[PDB]
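Note sheet for the following structure.
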Amino acid sequence: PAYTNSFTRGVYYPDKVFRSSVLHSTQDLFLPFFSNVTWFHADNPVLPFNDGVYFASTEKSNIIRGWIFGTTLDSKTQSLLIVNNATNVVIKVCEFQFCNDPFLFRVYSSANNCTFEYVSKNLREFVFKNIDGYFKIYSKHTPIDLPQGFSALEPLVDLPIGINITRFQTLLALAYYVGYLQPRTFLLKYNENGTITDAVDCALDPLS
Amino acid sequence: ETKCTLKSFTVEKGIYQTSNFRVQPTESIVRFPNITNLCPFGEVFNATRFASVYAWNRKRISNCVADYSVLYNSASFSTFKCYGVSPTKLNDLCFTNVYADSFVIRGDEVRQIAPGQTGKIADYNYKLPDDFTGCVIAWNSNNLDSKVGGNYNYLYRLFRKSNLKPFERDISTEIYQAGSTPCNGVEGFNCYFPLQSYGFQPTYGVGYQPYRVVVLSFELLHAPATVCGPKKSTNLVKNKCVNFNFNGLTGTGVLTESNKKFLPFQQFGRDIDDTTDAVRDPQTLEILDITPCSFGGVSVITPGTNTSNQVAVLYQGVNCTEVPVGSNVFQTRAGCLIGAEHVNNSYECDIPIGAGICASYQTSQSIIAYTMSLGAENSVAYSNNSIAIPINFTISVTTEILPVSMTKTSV
Amino acid sequence: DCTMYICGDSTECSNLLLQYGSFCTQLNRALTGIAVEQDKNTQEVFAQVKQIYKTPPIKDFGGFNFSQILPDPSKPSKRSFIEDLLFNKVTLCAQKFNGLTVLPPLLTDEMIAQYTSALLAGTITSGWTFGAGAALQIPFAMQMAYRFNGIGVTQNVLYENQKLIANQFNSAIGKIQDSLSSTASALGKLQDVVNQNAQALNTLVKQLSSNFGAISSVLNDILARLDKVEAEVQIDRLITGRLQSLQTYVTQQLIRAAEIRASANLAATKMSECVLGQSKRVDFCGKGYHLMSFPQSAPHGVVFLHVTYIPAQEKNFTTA
Amino acid sequence: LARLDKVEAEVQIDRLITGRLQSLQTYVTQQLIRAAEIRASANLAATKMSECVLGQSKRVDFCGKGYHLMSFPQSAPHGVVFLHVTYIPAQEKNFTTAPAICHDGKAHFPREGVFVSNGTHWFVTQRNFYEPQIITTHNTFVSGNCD
Amino acid sequence: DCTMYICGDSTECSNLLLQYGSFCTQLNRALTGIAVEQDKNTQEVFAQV
Ligand SMILES: *[C@@H]1O[C@H](CO[C@@H]2O[C@@H](C)[C@@H](O)[C@@H](O)[C@@H]2O)[C@@H](O[C@@H]2O[C@H](CO)[C@@H](O)[C@H](O)[C@H]2NC(C)=O)[C@H](O)[C@H]1NC(C)=O
Ligand SMILES: *[C@@H]1O[C@H](CO)[C@@H](O[C@@H]2O[C@H](CO)[C@@H](O)[C@H](O)[C@H]2NC(C)=O)[C@H](O)[C@H]1NC(C)=O
Ligand SMILES: *[C@@H]1O[C@H](CO)[C@@H](O[C@@H]2O[C@H](CO)[C@@H](O)[C@H](O)[C@H]2NC(C)=O)[C@H](O)[C@H]1NC(C)=O
Ligand SMILES: *[C@@H]1O[C@H](CO)[C@@H](O[C@@H]2O[C@H](CO)[C@@H](O)[C@H](O)[C@H]2NC(C)=O)[C@H](O)[C@H]1NC(C)=O
Ligand SMILES: *[C@@H]1O[C@H](CO)[C@@H](O[C@@H]2O[C@H](CO)[C@@H](O)[C@H](O)[C@H]2NC(C)=O)[C@H](O)[C@H]1NC(C)=O
Ligand SMILES: *[C@@H]1O[C@H](CO)[C@@H](O[C@@H]2O[C@H](CO)[C@@H](O)[C@H](O)[C@H]2NC(C)=O)[C@H](O)[C@H]1NC(C)=O
Ligand SMILES: *[C@@H]1O[C@H](CO)[C@@H](O[C@@H]2O[C@H](CO)[C@@H](O)[C@H](O)[C@H]2NC(C)=O)[C@H](O)[C@H]1NC(C)=O
Ligand SMILES: *[C@@H]1O[C@H](CO)[C@@H](O[C@@H]2O[C@H](CO)[C@@H](O)[C@H](O)[C@H]2NC(C)=O)[C@H](O)[C@H]1NC(C)=O
Ligand SMILES: *[C@@H]1O[C@H](CO)[C@@H](O)[C@H](O)[C@H]1NC(C)=O
Ligand SMILES: *[C@@H]1O[C@H](CO)[C@@H](O)[C@H](O)[C@H]1NC(C)=O
Ligand SMILES: *[C@@H]1O[C@H](CO)[C@@H](O)[C@H](O)[C@H]1NC(C)=O
Ligand SMILES: *[C@@H]1O[C@H](CO)[C@@H](O)[C@H](O)[C@H]1NC(C)=O
Ligand SMILES: *[C@@H]1O[C@H](CO)[C@@H](O)[C@H](O)[C@H]1NC(C)=O
Ligand SMILES: [Zn+2]
């Protein structure tokens, strides 16, 4: 796989609390500034999840459609399936017997013991967290390698599911970047409209 | 009030802060989500077969309205401890989500189901966190979980390599090794199966009898609420000073319509100094500013009691539309001034009030309030060729008094 | 408001606070002494003039031009030009749940500007005599000639070079005007006092977010969630921590007040010795031999424009 | 101590100790601050003793209003009182004035004092007391011409 | 060093100290003002020339 500099990408709203015209120091799992993120081209290999994942895609044909998360990634344990079908975003938790090479429907051979379900030029950014019995998704779509700049990902949805995740894989329909979150203190700047316009990764360097 | 706060029957001329004004709330508002779905406690308390404590079951309770009085008012529970929450107030409070955990244990083991506990159950079966927010409910089940010849349905972990983390579960059956002798997957010396089954014969003593346990864990978070008590939501009113309770967010304030552009996921808004400053109504979804009900020091302006018993009151920083009120009213920049009479004359500052305003007892005497004079105006009559020279002189003696020491004291 | 900072709206907390007795009376009393002293400090510096002296309409001051320092009638506050610059250059009712309130000063900025105008008007129209009491008028060029005698220069040096001296003075005032417009750090001595007080209040307010060991820093949470016997144990932690936090603020404000008190006594001394007189004290009223000083008001401070004679173009001579 | 045994009494006493200790610390802290205020006032009083009583001070308003003549110290409880004696100009009168006198083309300036006209005759006088004297070659000095 | 005087090498103590909030920032800031002022005091006396 290739590699690229993440620059100031990957900031998200840490809490569902409106704040404006204020600088707030928050401590949470954030993608470190200028982090060395992995780069792939459409590639659907299985990747570790660690403490959390930053995922972004540069696209013009909507080829990337979903993700699968778990540990064994087979029917021996529950696993989370996220899939953006042609009409709805769909989310399911089940003991999916995932295929050796999932694609779009040929994602799994069989499924059982399901316990959660939910149904709803372009740079698409996503952040996935799995903390304290919640799976949390943040995202933003930006009109446009990973471009240098700053914008904050808003919470898309969260799942009150207690599942265990250690690795994940991407689902494609017949280029993207992956980064890992780390516990970092970020000083966030909120404008008068209450949107984050700048941030300082306090551990980056002495000036920060 | 001055005499009382000075603890003196006589008062010298001056301005004395005696107390603090506060606009008391007109009425109390309660606003919970309009959810009618009753929380399904029945299926966790009245399940036929409970889980083995080594494999303790968990169920999420959410998007429902609870009534914990149904539980706490029942006499059948032998133990109903709560941590970080009180069993009575539990019905007035509201939560984001709740986890109900259940298992069967010996009566002697109920004491281990508490935060900070240790022992076989606490260390290797069900560990509570140090800052546990829930309630532990337990009752004797020797009428259901025991039988003649003993019931061996239930199991507990007797051996483990390390202590469990809070709310961790381990259903592994690998034979434990207690010494240097390898076990190779079979029991023997220093090699023991990690699970054991209780001797639930019905004739056993209470400490050995089976007990059913349900543990409720409450997720108090900034996230939106989904499990509120049975409180009926009141009507919503604005601009009045009122008490409020939004999904548990309790306080007093002047609810005002907000132009703050909350994003659709946001539920609360905060001050520069992180105090709660705005809130989303859980039914209308409108955004409300929470301005504090106004307050201010109450200063009493008085000549000496040896001069007069008449006094004026300054409500510092308070606006005269807010005070409840001997009936002269004057909005100084220092605050609403009451009982003092405004005049257009100017005099030397007798009693200082602030922002250039002073007060004095003057004529029919009354406490007047006026803009202070800085001194007499005087044009010096300067010209490019005129000088003034004193024809005479005054020898003046001026007393200056200076503190030099203070009373030497020791404790 | 000690009881509101510590307990807010809670009567349950207010009753617990009574167990600590006099501490809230002491804190309010200490802050009141500091506040009352701020008016004393201002009165001691500016209220030195007995009468509000007014300048003549015809400013025939021997060629010396005080237009930048005398009042501008067009300004709503009737401040001078330099005073308006000073007020513009310093850059920073109660609606706060934490009980914090800012009291207004006794003398408004307009009154302080009126005192500095009286001090300045008296100085140029009567010299040092308004300090002694009589405010004897004297032509400005002649009182400047006495200032020369005071520094040990013969008075003929003033009259023979009056045009040059006036041109030098007018140019120096212009340099001040340009300097205060262009510079930033010059008023840092006043800005530091604002920054110290602001930072001390932000510290006091942020301490309300701390738990001090309680289950929550928000006192309404504890009362909404725990019964009296358990709530009082948790509230006593917040009370103890908040009380200590407020004591730390009041203690350091008493120390800062003593620093300002010393600076106010100094400013009052310079008003008397540099403005109402001519001072023989070396470096008390600027560098060089002191001629006269003009006071200008600033936000929570005073600016002295010290005018001094500085020897130049020294030449070697044999002496005996 | 009369009502609780050692293990329980010590828990209750530790509260009194903590509160009383904090109460006493608050007193000592504020006394240190007050002592510094008195110290400054004592240094000032000591300065006025030296400069106003043991001498004559040219410092304006240091030793009362007006021109300082002398001061007399008087003791007071925990303090000192200075009776400052000063000269205050009175009954000021307007006079026409000139910076120099032109004579035979020479410009004359006062050695000490100021030139004043009673309306018709020019005199020289001291600045702080009207005592007019004839303008003479002795009480004035020459410098340059009249232009 | 306020956190080292109070807690030394202990991370367990350091996390408890956070519950007291700003006190260690205030103490370090106060001592820094005193230290910076000592250089001002020396400059004011001797750097007059
Ligand atoms: C000094 O005189 C002025 C007035 O000048 C007058 O005309 C001169 C040519 C000369 O003859 C002076 O002696 C005359 O007195 C006085 O100023 C006026 O005072 C009155 C009150 O007494 C006041 O109403 C006027 O407005 C003043 N005029 C100005 C221009 O201010 C001044 O009081 C005299 N001073 C003394 C000490 O006698
Ligand atoms: C999630 O499940 C994985 C297993 O799929 C757990 O990983 C094991 O953790 C133990 C320590 O607890 C190690 O000894 C094993 O080697 C791990 N196995 C693998 C395959 O990595 C993991 O601990 C679980 N996480 C949680 C939070 O329960
Ligand atoms: C995308 O997935 C959704 C389910 O999440 C599908 O929606 C269902 O469609 C069938 C008809 O095919 C309906 O009977 C169901 O009621 C629908 N369910 C919901 C929740 O809407 C949808 O058809 C899928 N789209 C595609 C193109 O496959
Ligand atoms: C779904 O999960 C349950 C466990 O929760 C599985 O039930 C176990 O099945 C095995 C046989 O495969 C039995 O030996 C266990 O006794 C069962 N446990 C319980 C609690 O019933 C079940 O097999 C799973 N189903 C599928 C299709 O995977
Ligand atoms: C005190 O509060 C009242 C409101 O209760 C203020 O009155 C308003 O003043 C504005 C002008 O500033 C008017 O347009 C409104 O119509 C007034 N409202 C009412 C109900 O009279 C008043 O200005 C405040 N006073 C001060 C000094 O702030
Ligand atoms: C100088 O001032 C004194 C007052 O301090 C004047 O003395 C008074 O003079 C009148 C007569 O004009 C007497 O009736 C008073 O009894 C005197 N008082 C005192 C205390 O002696 C004195 O006249 C003034 N001198 C001039 C030249 O004006
Ligand atoms: C006194 O000083 C002011 C400047 O502070 C002079 O005012 C300027 O005068 C010129 C004309 O000579 C104008 O072009 C400027 O616009 C004026 N500036 C301001 C700020 O008004 C004034 O002329 C000086 N007076 C004398 C007699 O020298
Ligand atoms: C101005 O001063 C002269 C003195 O230099 C005064 O002249 C004297 O006036 C008196 C009468 O008042 C005569 O007896 C003297 O002979 C005059 N002396 C001379 C030398 O002429 C004059 O009166 C004064 N004028 C005013 C208005 O005070
Ligand atoms: C990014 O990390 C990889 C190792 O994972 C390394 O080989 C590569 O050189 C790094 N690139 C940069 C730009 O640091
Ligand atoms: C369990 O069933 C009994 C009736 O048999 C009922 O009274 C009780 O409320 C049920 N439990 C709960 C938690 O509702
Ligand atoms: C709750 O009440 C509001 C009206 O105040 C209504 O619009 C809303 O639909 C109700 N909630 C639900 C889930 O229907
Ligand atoms: C009260 O005032 C009278 C004069 O009206 C005076 O004689 C008396 O001494 C005063 N008493 C006190 C205690 O001030
Ligand atoms: C006092 O002055 C104001 C103008 O500032 C005027 O409106 C008011 O009528 C005056 N009142 C009296 C009693 O003279
Ligand atoms: Zn001689």
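Quick note on naming: the chains in the structure tokens go A, B, ... in the order shown, residues restart at 1 in each chain, and ligands are numbered from 1 in order of appearance.
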
*Name all residues at most 12 Å from residue 202 in chain A (count only C-alpha atoms; drop same-chain ones fewer than 3 positions away) and give them as number ranges by chain.*
A: 24-28, 30, 32-33, 183-188, 199, 205-208

*Kindly compile the residues surrounding ligand 9 within 7 Å, counting only C-alpha atoms and all ligand atoms, and format them as a ChimeraX atom specification.*
/A:3-5,36-37

Once you have the residues from the selection above, write them out as a CSV table (one decimal), in the first residue's frame, restricted to N, CA and C atoms.
chain,number,residue,atom,x,y,z
A,3,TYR,N,1.3,5.5,0.9
A,3,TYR,CA,1.3,6.3,2.1
A,3,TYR,C,1.2,7.8,1.8
A,4,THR,N,0.5,8.6,2.6
A,4,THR,CA,0.3,10.0,2.4
A,4,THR,C,0.1,10.7,3.7
A,5,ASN,N,0.4,12.0,3.7
A,5,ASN,CA,0.3,12.9,4.9
A,5,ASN,C,-1.2,13.3,5.0
A,36,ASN,N,0.7,9.9,9.3
A,36,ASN,CA,1.1,9.1,8.1
A,36,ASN,C,0.0,8.1,7.9
A,37,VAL,N,-1.0,8.4,7.0
A,37,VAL,CA,-2.1,7.5,6.7
A,37,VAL,C,-1.8,6.6,5.5

_residue 16 in chain B environment, 7 Å, only C-alpha atoms, sequence neighbours closer than 5 positions dropped, as a VMD selection string_ = chain B and resid 2 299 to 301

*asked:* So that I can check the surroundings of range 88-99 of chain A, please list as a ChimeraX atom specification every protein, DNA and RNA residue that reaches within 10 Å of it, counting only C-alpha atoms and ignoring chain neighbours fewer than 5 positions away.
replied: /A:65-70,72-83,106-120,159,161,163

*Once you count only C-alpha atoms, which residues of chain B turn out to be within 9 Å of chain C? Could you give them as an NGL selection string?*
:B and (20 or 84-90 or 92-93 or 131 or 248-252 or 273-275 or 291-297 or 316-319 or 333-335 or 352-358 or 372 or 374-390)

_Taking only C-alpha atoms and all ligand atoms into account, list the residues no farther than 7 Å from ligand 7, as a PyMOL selection string._
chain C and resi 63+65-68

*All residues having an atom within 12 Å of ligand 14 (only C-alpha atoms and all ligand atoms) as an MDAnalysis selection string*: chainID D and resid 111 136:141

Go ahead and write the residues just picked, N, CA, C and O atoms, as a short mmCIF file (atom, residue, chain, number, x, y, z; two decimals), in the first residue's frame.
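Saved the output as selection.cif:
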data_model
loop_
_atom_site.label_atom_id
_atom_site.label_comp_id
_atom_site.auth_asym_id
_atom_site.auth_seq_id
_atom_site.Cartn_x
_atom_site.Cartn_y
_atom_site.Cartn_z
N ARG D 111 17.39 89.83 38.28
CA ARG D 111 18.26 88.80 38.84
C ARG D 111 17.41 87.78 39.57
O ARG D 111 17.50 86.57 39.32
N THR D 136 17.17 98.78 39.02
CA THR D 136 18.53 99.31 39.01
C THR D 136 19.48 98.34 38.33
O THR D 136 19.19 97.17 38.12
N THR D 137 20.65 98.89 37.99
CA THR D 137 21.74 98.13 37.40
C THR D 137 22.20 97.00 38.32
O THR D 137 22.86 96.06 37.85
N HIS D 138 21.86 97.06 39.60
CA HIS D 138 22.26 96.03 40.55
C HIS D 138 21.27 94.87 40.64
O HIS D 138 21.68 93.71 40.62
N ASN D 139 19.97 95.15 40.74
CA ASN D 139 18.99 94.08 40.85
C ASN D 139 18.57 93.48 39.49
O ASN D 139 17.65 92.67 39.46
N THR D 140 19.21 93.88 38.39
CA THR D 140 18.95 93.32 37.07
C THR D 140 20.27 92.98 36.40
O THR D 140 21.32 93.49 36.78
N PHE D 141 20.21 92.11 35.39
CA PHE D 141 21.39 91.75 34.61
C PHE D 141 21.12 91.97 33.13
O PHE D 141 19.98 91.84 32.67
#

*Residue list for chain E near chain C as a count of residues only, 8 Å, only C-alpha atoms*: 5

*Return as JSON, numbers by chain the full set of residues in chain E whose backbone-based DSSP assignment is alpha helix (DSSP H).*
{"E": [2, 3, 4, 5, 6, 7, 11, 12, 13, 14, 15, 16, 17, 23, 24, 25, 26, 27, 28, 29, 30, 31, 32, 33, 34, 35, 36, 37, 38, 39, 40, 41, 42, 43, 44, 45, 46]}

Writing out the chosen residues with C-alpha atoms as a PDB file, in the first residue's frame:
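What ended up in result23.pdb:
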ATOM      1  CA  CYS E   2       3.096  21.686  41.959  1.00  0.00           C
ATOM      2  CA  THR E   3       2.228  18.250  40.579  1.00  0.00           C
ATOM      3  CA  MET E   4       5.577  16.807  41.702  1.00  0.00           C
ATOM      4  CA  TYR E   5       5.502  18.322  45.186  1.00  0.00           C
ATOM      5  CA  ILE E   6       2.004  16.962  45.771  1.00  0.00           C
ATOM      6  CA  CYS E   7       2.198  13.629  43.938  1.00  0.00           C
ATOM      7  CA  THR E  11       0.124   8.799  38.150  1.00  0.00           C
ATOM      8  CA  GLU E  12      -2.632   7.583  40.494  1.00  0.00           C
ATOM      9  CA  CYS E  13      -2.215  10.686  42.637  1.00  0.00           C
ATOM     10  CA  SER E  14      -1.835  12.927  39.574  1.00  0.00           C
ATOM     11  CA  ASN E  15      -5.268  11.859  38.320  1.00  0.00           C
ATOM     12  CA  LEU E  16      -6.823  12.639  41.702  1.00  0.00           C
ATOM     13  CA  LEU E  17      -5.167  16.058  41.713  1.00  0.00           C
ATOM     14  CA  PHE E  23      -4.914  25.062  41.662  1.00  0.00           C
ATOM     15  CA  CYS E  24      -1.611  23.801  40.246  1.00  0.00           C
ATOM     16  CA  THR E  25      -1.812  26.287  37.364  1.00  0.00           C
ATOM     17  CA  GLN E  26      -2.437  29.132  39.812  1.00  0.00           C
ATOM     18  CA  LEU E  27       0.485  28.152  42.041  1.00  0.00           C
ATOM     19  CA  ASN E  28       2.953  27.879  39.152  1.00  0.00           C
ATOM     20  CA  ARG E  29       1.676  31.138  37.670  1.00  0.00           C
ATOM     21  CA  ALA E  30       2.003  33.005  40.976  1.00  0.00           C
ATOM     22  CA  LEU E  31       5.578  31.801  41.515  1.00  0.00           C
ATOM     23  CA  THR E  32       6.454  32.741  37.928  1.00  0.00           C
ATOM     24  CA  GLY E  33       5.236  36.289  38.505  1.00  0.00           C
ATOM     25  CA  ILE E  34       7.410  36.512  41.616  1.00  0.00           C
ATOM     26  CA  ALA E  35      10.431  35.178  39.716  1.00  0.00           C
ATOM     27  CA  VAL E  36      10.001  37.497  36.727  1.00  0.00           C
ATOM     28  CA  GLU E  37       9.599  40.430  39.112  1.00  0.00           C
ATOM     29  CA  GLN E  38      13.030  39.720  40.648  1.00  0.00           C
ATOM     30  CA  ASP E  39      14.695  40.559  37.335  1.00  0.00           C
ATOM     31  CA  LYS E  40      12.606  43.715  37.034  1.00  0.00           C
ATOM     32  CA  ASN E  41      13.714  44.747  40.535  1.00  0.00           C
ATOM     33  CA  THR E  42      17.379  44.339  39.596  1.00  0.00           C
ATOM     34  CA  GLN E  43      17.021  46.084  36.235  1.00  0.00           C
ATOM     35  CA  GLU E  44      15.211  49.015  37.837  1.00  0.00           C
ATOM     36  CA  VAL E  45      18.041  49.604  40.331  1.00  0.00           C
ATOM     37  CA  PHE E  46      21.181  48.918  38.277  1.00  0.00           C
TER      38      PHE E  46
END

Could you write out as a PDB file with N, CA and C atoms, in the first residue's frame the residues of chain D within 7 Å of chain C, counting only C-alpha atoms?
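New file out03.pdb:
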ATOM      1  N   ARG D  59       9.448  69.772  48.439  1.00  0.00           N
ATOM      2  CA  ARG D  59       8.502  68.873  47.789  1.00  0.00           C
ATOM      3  C   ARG D  59       7.080  69.385  47.955  1.00  0.00           C
ATOM      4  N   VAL D  60       6.432  69.706  46.833  1.00  0.00           N
ATOM      5  CA  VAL D  60       5.075  70.242  46.845  1.00  0.00           C
ATOM      6  C   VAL D  60       4.096  69.254  47.461  1.00  0.00           C
ATOM      7  N   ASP D  61       3.235  69.760  48.343  1.00  0.00           N
ATOM      8  CA  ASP D  61       2.216  69.018  49.084  1.00  0.00           C
ATOM      9  C   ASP D  61       2.750  67.861  49.915  1.00  0.00           C
ATOM     10  N   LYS D  65      -0.402  71.919  52.532  1.00  0.00           N
ATOM     11  CA  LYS D  65      -0.625  72.846  51.434  1.00  0.00           C
ATOM     12  C   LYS D  65       0.106  74.160  51.674  1.00  0.00           C
ATOM     13  N   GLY D  66       0.531  74.792  50.588  1.00  0.00           N
ATOM     14  CA  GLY D  66       1.300  76.015  50.678  1.00  0.00           C
ATOM     15  C   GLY D  66       2.774  75.711  50.754  1.00  0.00           C
ATOM     16  N   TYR D  67       3.579  76.765  50.800  1.00  0.00           N
ATOM     17  CA  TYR D  67       5.018  76.583  50.894  1.00  0.00           C
ATOM     18  C   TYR D  67       5.380  76.192  52.319  1.00  0.00           C
ATOM     19  N   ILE D  88       0.954  80.693  52.940  1.00  0.00           N
ATOM     20  CA  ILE D  88      -0.035  80.688  51.873  1.00  0.00           C
ATOM     21  C   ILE D  88      -0.249  82.099  51.334  1.00  0.00           C
ATOM     22  N   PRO D  89       0.038  82.352  50.059  1.00  0.00           N
ATOM     23  CA  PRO D  89      -0.236  83.661  49.459  1.00  0.00           C
ATOM     24  C   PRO D  89      -1.691  84.089  49.605  1.00  0.00           C
ATOM     25  N   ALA D  90      -1.903  85.377  49.871  1.00  0.00           N
ATOM     26  CA  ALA D  90      -3.242  85.919  50.048  1.00  0.00           C
ATOM     27  C   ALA D  90      -3.331  87.316  49.448  1.00  0.00           C
ATOM     28  N   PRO D  99       8.830  90.742  30.345  1.00  0.00           N
ATOM     29  CA  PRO D  99       9.961  89.843  30.562  1.00  0.00           C
ATOM     30  C   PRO D  99      11.288  90.560  30.697  1.00  0.00           C
ATOM     31  N   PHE D 109      17.208  91.932  32.506  1.00  0.00           N
ATOM     32  CA  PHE D 109      16.345  90.914  33.087  1.00  0.00           C
ATOM     33  C   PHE D 109      16.504  90.921  34.601  1.00  0.00           C
ATOM     34  N   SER D 143      21.697  91.145  29.046  1.00  0.00           N
ATOM     35  CA  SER D 143      22.040  90.099  28.086  1.00  0.00           C
ATOM     36  C   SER D 143      21.497  90.460  26.709  1.00  0.00           C
TER      37      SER D 143
END

*Identify all residues of range 33-111 of chain C in strand (DSSP E or B) (DSSP on the backbone) and supply them as a PyMOL selection string.*
chain C and resi 52-54+71+80

*Excluding range 117-119 of chain D and any residue of its chain fewer than 3 positions from it, enumerate the residues within 9 Å of it, using only C-alpha atoms, and give them as a PyMOL selection string.*
chain D and resi 95-98+122-124

*asked:* What are the residues of chain B lining chain D at 6 Å or less? Count only C-alpha atoms, and put the answer as a ChimeraX atom specification.
replied: /B:385-405

*Please write out the residues within 7 Å of ligand 2 as a ChimeraX atom specification, counting only C-alpha atoms and all ligand atoms.*
/A:71-72,164-166

*Distance CA of residue 212 in chain B-CA of residue 138 in chain B, one decimal place?*
5.6 Å

*Please, what distance in Å, to one decimal, runs between CA of residue 105 in chain A and atom 28 (O, counted along the ligand's line) of ligand 3?*
9.0 Å

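CA of residue 30 in chain D sits 27.5 Å away from CA of residue 1 in chain B.
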
*Could you give me, as number ranges by chain, the residues within 9 Å of range 146-153 of chain A, counting only C-alpha atoms and dropping anything in the same chain fewer than 4 positions from it?*
A: 4-13, 56-58, 123, 125-127, 138-142, 176-177, 195-199

For C-alpha atoms, I'd like the residues from the last selection saved as a PDB file, in the first residue's frame.
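Output file again27.pdb is given in full below:
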ATOM      1  CA  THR A   4       0.312  10.004   2.390  1.00  0.00           C
ATOM      2  CA  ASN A   5       0.290  12.894   4.866  1.00  0.00           C
ATOM      3  CA  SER A   6      -3.096  13.457   6.547  1.00  0.00           C
ATOM      4  CA  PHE A   7      -2.338  17.129   7.339  1.00  0.00           C
ATOM      5  CA  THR A   8      -5.088  18.701   9.503  1.00  0.00           C
ATOM      6  CA  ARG A   9      -7.814  16.220   8.457  1.00  0.00           C
ATOM      7  CA  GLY A  10      -9.933  14.130  10.835  1.00  0.00           C
ATOM      8  CA  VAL A  11     -11.372  16.586  13.376  1.00  0.00           C
ATOM      9  CA  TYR A  12     -14.938  15.883  14.540  1.00  0.00           C
ATOM     10  CA  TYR A  13     -17.431  17.322  17.014  1.00  0.00           C
ATOM     11  CA  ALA A  56     -11.664   8.803   3.677  1.00  0.00           C
ATOM     12  CA  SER A  57     -12.310   8.342  -0.036  1.00  0.00           C
ATOM     13  CA  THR A  58     -11.611  10.430  -3.134  1.00  0.00           C
ATOM     14  CA  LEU A 123     -14.066  13.671  -0.971  1.00  0.00           C
ATOM     15  CA  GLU A 125     -14.485  11.437   5.164  1.00  0.00           C
ATOM     16  CA  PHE A 126     -15.613   9.120   7.975  1.00  0.00           C
ATOM     17  CA  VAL A 127     -14.575   8.382  11.564  1.00  0.00           C
ATOM     18  CA  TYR A 138     -18.988  10.820  12.028  1.00  0.00           C
ATOM     19  CA  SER A 139     -18.852  12.031   8.426  1.00  0.00           C
ATOM     20  CA  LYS A 140     -18.657  14.902   5.926  1.00  0.00           C
ATOM     21  CA  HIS A 141     -18.763  15.217   2.124  1.00  0.00           C
ATOM     22  CA  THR A 142     -16.411  17.762   0.513  1.00  0.00           C
ATOM     23  CA  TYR A 176      -9.241   5.630  -0.222  1.00  0.00           C
ATOM     24  CA  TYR A 177      -7.135   6.360   2.871  1.00  0.00           C
ATOM     25  CA  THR A 195     -19.027  25.265  13.904  1.00  0.00           C
ATOM     26  CA  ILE A 196     -15.401  24.226  14.421  1.00  0.00           C
ATOM     27  CA  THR A 197     -13.167  26.321  12.158  1.00  0.00           C
ATOM     28  CA  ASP A 198      -9.671  25.522  13.477  1.00  0.00           C
ATOM     29  CA  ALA A 199      -7.860  23.174  15.849  1.00  0.00           C
TER      30      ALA A 199
END
